RNA sequence: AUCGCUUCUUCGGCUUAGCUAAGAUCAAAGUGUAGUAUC
Ligand SMILES: O=P(O)(O)O[C@H]1[C@H](OP(=O)(O)O)[C@@H](OP(=O)(O)O)[C@H](OP(=O)(O)O)[C@@H](OP(=O)(O)O)[C@H]1OP(=O)(O)O
């Protein structure tokens, strides 16, 4: 619930501002979120502290 | 036990199967002496309750006679010797139990 | 005396059909209704004659009388024979009346599905869901799918589950879709329950619930064998080399040799 | 006779809902594409816009009365 | 026997014609049979001592 | 020892190996008692432990 | 049926333990002073 | 009638007909599986 | 038993496999046999022919 | 016979009567008899759901839809809204209130648009805001709708007090935006 | 099986008990009078009282008290057996009343004798029975 | 649109004749008679 709130707020702001002649000063907030999400997806179970 | 089974059942039933309940009784007794836990899984458990009463009732009579014969044997000066081997068998089982 | 030839004769389905056709031609509506209504009373009418009767009243535009002509037909026959009457009744109602009369329309489907045998139940559950989706409220439409996979029975329950999976996902997202995957795996037959296990593992691994994904695969592995289901073991192996480690890769190989031993009694 | 006709209404369900090919991504919309109240909100929207049009007519008098004094 | 066979051939080619169309034919047969034969089927369709 | 059904002749998992080493530290040499808990029996415990 | 006569509830107040087997007799003396009981422990016990 | 569906007796001991009734059923009476074993954690305190 | 049940299941499935072309043909064979109806009789009353 | 039965039987046994009675009317009822029996069947069928679980908000919404389409007498619809509303969620976390809150908004819409008793729609909102656990969460919809309602009564002083205590109890972005958009329109 | 008999101590009348029913009979003919029913256990005791009470004890340990004149049942006591015996052993098989008829003695499969006594403290107004023919 | 004999498969029903100290106990080898296969 917290995640989808923050995401929808940020994406809506992106669609309002972007497409203007002085864009490119803005770090691509929706697409960079996509890029971050696909990078984080590779993950593994850690072993054990005792064994 | 036979009278109790026939009364336990109500009417119109397989009652020749009542003879099979006496087999379960004898097994419940043998398991008691072995100290193996007797538990038939599917049993008509009002039948189980009745068998468990009669097994425990025999176990009481069987231990009480084991005590009584041994007390006689301590006083024993008599030709006990078959009663001795019986009573040694029971007391061996009661110890291991 | 009731001589059988004339005493039977009024049970005349060829002749009642010919009589009804002439009343459509020359009777005008009110006499034609009496003829069909008598044909119902006799129990001579075929389901084709009920549908012909309704189409007559519909073409006249006595639409409300057409609906009761179907209704009376539904009282006449029993399944399978009613099925074409229900198909025509429920679609015909749904078109004109189906928006405003929706409160009445839900009573038709309930009245159908209470009697419906599982194999015919598939299509009628889906038109009920269409009505309740577009006009009705959303939770009621989803509840019909929960009812559909119970009613349809085992050869095609899989189709009802995959609709339910898609439609919950389409509105409430994958996080609310989790319980009905677990119901499916526990309920639809083993060929599809394995397939649903792969489906469910794909969700948990894209969300990153990799510890849940293992228990999905491991719970599916016990009703799979490595001698013919190699595609299941390959996809688990490709998962465990990606998202796993030595301590759980060996756990995979333990259940593999355990499960094959179950089948490989030779 | 169109014995199949029930199938013609449910064709959208039979075609695009009766199966799903794959899923292999997620995004902020897919996590929650509609709010859990979306259909209660839908049933209010016809009535809610009458209130809106009364509000726009009401606020026009509030301005007009302020400038009348 | 001939009359029995005329009913057997009549229904079987009706299956064939529906099958030549490619259809549900047990449903099609269900149309005509259901009025009378459902009355006939109602006739067609421990505790020991 | 060998031929009874339920004698569990399969590989030693993680928790069975955990329990066996935990119990070897707890008991010392009690192996007939250790055998019921791990139910892998007496010989299977001892050869695994060694 | 007709009109139950009212009778007071019955309440318990003894457990006399001392047979070493089932009890299966009681009789009360004419004198009402003592009752006898007989048991599957093959012993008759007379109680006051 | 089902409530009195008495299972047939399968002895570990007697067998006067000499029947073979052997592997699965004879163990199914055995009941060994039901009593699990667990031990007081005092033993860990004693050892260490 | 595992060899026999594997074979028997296979032969059950193989008979069930394509249980329609045979049935539709055997239905077709029966249908056309009945509809062909009268075969020629070719009677033998040779003393009438005499 | 069916109609006689419905009276003396009314709650429990009518469940059988209504299924036959509605089939009966499905022919002969067609204009007036069908819609009467199906709605009255539906009415008692929703009351069964409410006796099972008064927490079934979807049953109350579907029930209130039936009665409004009936154009049921106002006092009966008020009694049904006020029965529905008394089922305050036991969890006191906003995820559970999201369906329950429209059970109040629909009541205020009914009182404003259908009953046209604006002095009673004030009381619906005051009763609503006296029930929300504001120090834990708020529905900005309530404070917004209550504010705009007083603007339709031309009472800016009331509307500002509503939005003012909204920000004072729970300063929330949806409130600020609505209050600012209001003062911009003014 | 008719495991128990009792002759009512001041009427020409006797009762007999089986798992089926407890039946009442008029002597000497032996003609039948209405049954005391619903105590569907293996019964084997009856005691009957000078005041008109009959009591039936059952092999399952349950114990019913009845009014002879009407066959109304107005006590069900379930015996609880003394330590180390609970489930099977609860059963009853003896009963007698003392000669006054104010104490009941029962003998028990739990190897105990138990004795019962009548409550007095506020009974008749709290308990009542109506008419219900 | 009513009609009959037979074969087959297929479902439910369809019996361990006590007890005790498990009643007690653990040699195998070589000589004589009966059964099966070949000339
Ligand atoms: O808190 P905010 O950032 O101002 O978000 C609000 C608020 O959302 P919260 O649940 O986070 O408070 C509203 O929710 P409610 O408080 O009214 O429950 C919500 O309204 P809905 O729940 O009806 O969606 C509205 O969204 P909308 O304006 O589309 O109704 C949304 O505003 P944002 O669009 O600015 O996030």
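Taking one quarter of the surface of the convex hull spanned by the alpha-carbon atoms of chain D gives a direction-averaged projected area of 10.3 nm². Specify the inter-centroid distance of chain I and region K:31-98, based on alpha-carbon positions, in whole Å. If we compute the Cα centre of each part, the gap is 76 Å. Under 16 Å from a label point 7 Å along Cα→Cβ of residue C:255: give me every residue in region F:2-37 with its amide N that close. Inside the label zone: F:11, F:13-15. Result for chain B in a Gaussian network model with C-alpha springs under 10 Å: among B:21, B:51, B:36, the largest mean-square fluctuation is at B:36.
Dividing the helix sum by the residues of chain J, where each DSSP H run of 4 or more adds -39500 (n - 2.57), gives a mean residue ellipticity at 222 nm of -23500 deg cm²/dmol.
Computed over Cα pairs, the Kirkwood radius of region K:4-132 leads via Stokes-Einstein (0.692 mPa s, 37 °C) to a diffusion coefficient of 214 µm² per second.
Dimensions of region J:98-186 along the principal axes, based on C-alpha atoms and rounded to the nearest Å, stand at 32, 31, 17, largest first. Under the simplified labelling scheme, the residue A:29-residue D:31 pair shows an inter-label distance of 1.5 nm, with each label point 7 Å from Cα along Cα→Cβ.
Working from Cα pairs under 8 Å separated by at least six residues, relative contact order for region J:1-77 is 18 percent. Computed extension length for residue A:5-residue A:47: 11.7 nm, one decimal, from 0.36 nm per residue of separation with the Cα-Cα distance subtracted. The Cα atoms of the protein assembly as shown cover 126, 120, 78 Å along the three principal axes, with the biggest extent listed first. Cα centroids of region J:15-92 and region B:57-97: 80 Å apart. Under 17 Å from a label point set 7 Å out along the Cα-to-Cβ vector of residue B:86, the amide N atoms of region B:44-71 belong to B:58-71. Mean separation of Cα pairs under 8 Å and 6 or more residues apart, divided by the residue count, gives chain F a relative contact order of 39 percent. Over chain I, the reciprocal of the mean inverse Cα-Cα separation, the Kirkwood hydrodynamic radius, stands at 15.3 Å.
Here the Debye sum runs over all C-alpha atoms of chain A as equal scatterers in vacuum, and log10 of I(q)/I(0) at q = 0.30 Å⁻¹ comes out as -1.15. When every Cα-Cα distance of chain E is counted in 10 angstrom steps from zero, the calculated P(r) takes the values 22, 35, 29, 5, 9, 1 percent. The modelled label-to-label distance for the pair residue D:55/residue D:22, using points 7 Å beyond Cα in the direction of Cβ, is 4.7 nm. Please list, in order, the residues from region K:48-63 whose amide nitrogen is less than 19 Å from a point placed 7 Å along the Cα→Cβ vector of residue G:5. So the set is K:48-56. Note on residue E:19/residue J:24: beta-carbon distance plugged into 1/(1 + (r/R0)^6) with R0 of 41 Å gives a FRET efficiency of 0.45.
At an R0 of 22 angstrom, the distance between the Cβ atoms of residue J:113 and residue J:76 translates into a FRET efficiency of 0.80. For region C:6-147, the fraction of alpha-carbon pairs lying more than 24 Å apart is 37 percent, rounded to a whole number.
Fully extending the segment from residue C:170 to residue C:31 would add 44.8 nm, taking 0.36 nm per residue of separation and subtracting the current Cα-Cα distance. Taken along its three principal axes, the alpha carbon spread of region J:1-96 comes to 51, 26, 22 Å, from the longest extent down to the shortest. Which shape class, rounded, prolate or oblate, goes with region J:57-153 when its Cα gyration tensor gives a ≥ b ≥ c as root eigenvalues, a/c under 1.5 marks rounded, and past that a/b bigger than b/c marks prolate? Oblate. Counting other Cβ atoms within 10 Å as a rough exposure proxy, the listed residues K:13, B:2, B:8 run B:2, K:13, B:8 from fewest neighbours to most.
Take the Cβ atoms of residue E:10 and residue H:13, set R0 to 60 Å, and the FRET efficiency comes out at 0.25.
For the pair residue B:33 and residue J:173, label points projected 7 Å from Cα toward Cβ lie 8.5 nm apart. Ordered by the count of other Cβ atoms within 10 Å of each Cβ, fewest first, B:84, C:25 give C:25, B:84. Put the Cα centre of region K:100-116 next to the Cα centre of region H:6-28 and the gap is 43 Å. Pair-distance distribution P(r) for chain G, from all Cα-Cα distances in 10 Å bins starting at 0: 21, 36, 24, 15, 4 percent. Between C:172, C:53, C:217, the GNM of chain C built on Cα springs shorter than 10 angstrom shows C:172 fluctuating the most.
Size descriptors for chain C, from the alpha-carbon set: Rg then Dmax equal 27.5, 95 Å.
When we count neighbours, we look across all protein chains shown, and the Cβ atoms used for this are built from the backbone with ideal geometry, even at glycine. Each value in this text was obtained by applying a stated rule to the coordinates, not by laboratory testing.
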